[PDB]
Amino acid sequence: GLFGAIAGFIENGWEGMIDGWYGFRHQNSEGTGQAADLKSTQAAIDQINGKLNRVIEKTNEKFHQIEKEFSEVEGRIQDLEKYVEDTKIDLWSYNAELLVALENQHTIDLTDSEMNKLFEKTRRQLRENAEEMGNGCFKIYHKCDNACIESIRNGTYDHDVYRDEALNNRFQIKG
C-alpha cells in the first residue's frame, strides 16, 4: 500500500491473533506476550463496514420493461431493442468492475494506513525512551515490565517517569 507498513516494514502478519486486527507483541523482564489494539481495529472495521453498506444498498425496482428474447427475426425494431439492452449491460458491467477495483485498492491502502497511524501514535508516546528498529519494533531503553507495557498499550505511558534511565542507556553504556 501507500504507507508501506503492511507487507512493508512489517515483515508479515500474525496468525492466530483473534482479538483484533492490529496489535502488539512484547518481550520484557517478565517474558513475552501479544495483545490486540481495539481502537485501530475498530477504525478499520468501521470504514470497511461503511464502504460495504454504500455498495450493498438499495436495489432498484423495475417492473414492465422491454422484451429481451425473440423467437422470430424482425429486423429494425428488434435490432434496436437488442442494441439498447447490450449497451446497458456493457455499461453496468464496466461500472461493477471499476467499482470493485477502486474499492479494493482503497481498502488495502486504508488498512495499511491504520497500521501506520498505530505505529506513529506509539512512537510519539515513547519519546526519547525508545529507538526504532525498522521492523515495526521499538527498543525501549529501560526496564519495562508488564504494567509498563500495558500503560503503553492503553496510552497512559508517561515518558518522563523513565527518561533519565532511557537516555543513559541510549546515549551511553559505551559512548
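C-alpha atoms forming the largest set that superposes within 1.5 Å between two forms make up the rigid core. In case it trips you up, residue 1 is the first one in the sequence shown, and so on.
Relative to the displayed structure, the C-alphas of 54-62 lie farther away on average in 5 other deposited structures of this protein than those of the other candidate, with 135-143 and 54-62 compared after rigid core superposition. In terms of root mean square C-alpha deviation after superposing on the rigid core in 5 other deposited structures of this protein, the stretch standing farther out between 21-29 and 8-16 is 8-16.
Once the C-alpha B-factors are averaged per stretch, 117-125 and 135-143 rank with 135-143 first.
Relative to its counterpart among 102-110 and 26-34, 26-34 has the higher mean temperature factor, C-alpha atoms as listed in the PDB entry. Of the candidates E72, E85, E97, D79, it is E72 whose Cα B-factor is highest according to the PDB record. The entry lists a Cα temperature factor for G1 that places it in the middle third of the chain's modelled residues. Remark: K68 belongs to the lowest third of its chain, ranked by C-alpha B-factor as recorded. Among the modelled residues of its chain, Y162 has a C-alpha B-factor that falls in the middle third according to the deposited record. Ranked within its chain, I56 lands in the highest third, by CA B factor from the PDB record.
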